[PDB]
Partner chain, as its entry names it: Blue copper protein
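We begin with a single chain expressed as structure tokens, specifically the form solved without its partner chain.
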């Protein structure tokens, strides 16, 4: 009986960070309380000033990552403030019944609701808005995130050996369908509702105009690059709520990867490129061995470099000549 379990509130943090949590824990099942607030906003998505009429959990794309342990209950209050124009709900892929909770969380602007569900399966799971009659529009406008359900004893390799990360990062990849006018330029809409019909038309062609990590071209670059050091293990959580992606770390690997995202299954090792099915989240472990600026990207290189599905990881530390060495620098072809 979940009603008689300990109840704890967790404060969420903005992507690419994940809120503080234990991996292995000695503690028993708890009801973990989260709150999220829908924010509809116009967002600049590229270095030309192209805007999206966006819909977000907590003002960000992706929504924040919620972390519990297997056997815990997730208890979410979803707030849809009167400042919004559309109704919303939430469908958790980690939950069982009522369309993921969508049937029980239909909130019109000015309303809120509270859902509890048992997180009885370990893994990274997508959550997204799913209002009947307009599911794809709400999802592609930015309403998705990840729930991570860790095993109580933490992550394990195929032989049951413990795997540990020093930092988790969360990347949400968003296929965007921005309409154009007769002049060939991207439309700019005064309101969210004005964007609807044209956006649906672009959606039906199945060709995204942009594909971005975390809400914009270059979101995870420059001052906002991910960071690490040699010897550090990172967990990279990657969600795509609508479309397939194929993550790749340039100069690195996926040491252990759950590409389907489910921790009771044995991970795969040494992956160059992995595969996140549209409507899922996956996770990769990597321990950095070389310093430098890595690219983390969708390995359809057109989608990465032309459409925006790429970020950076800046890594400090000592170069290893055993792993890689320049034997002869670029120089004239000998006579």
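Positions refer to the first chain, counted from 1.
The same protein also exists as the form solved in complex with its partner chain; that form is not shown, yet it is the one meant from here on.
In the entry with it bound, residue 134 approaches its partner chain with a heavy atom inside 4.5 Å. Using a 4.5 Å cutoff between non-hydrogen atoms, residue 194 counts as a contact of its partner chain in the entry with it bound. Using a 4.5 angstroms limit between non-hydrogen atoms, residue 237 is distant from its partner chain in the entry with it bound. Residue contact check for residue 86: one or more of its heavy atoms lie within 4.5 Å of its partner chain in the entry with it bound. Counting a residue when any of its non-hydrogen atoms is within 4.5 Å of its partner chain in the entry with it bound, the hits in 97-113 run 108, 109.
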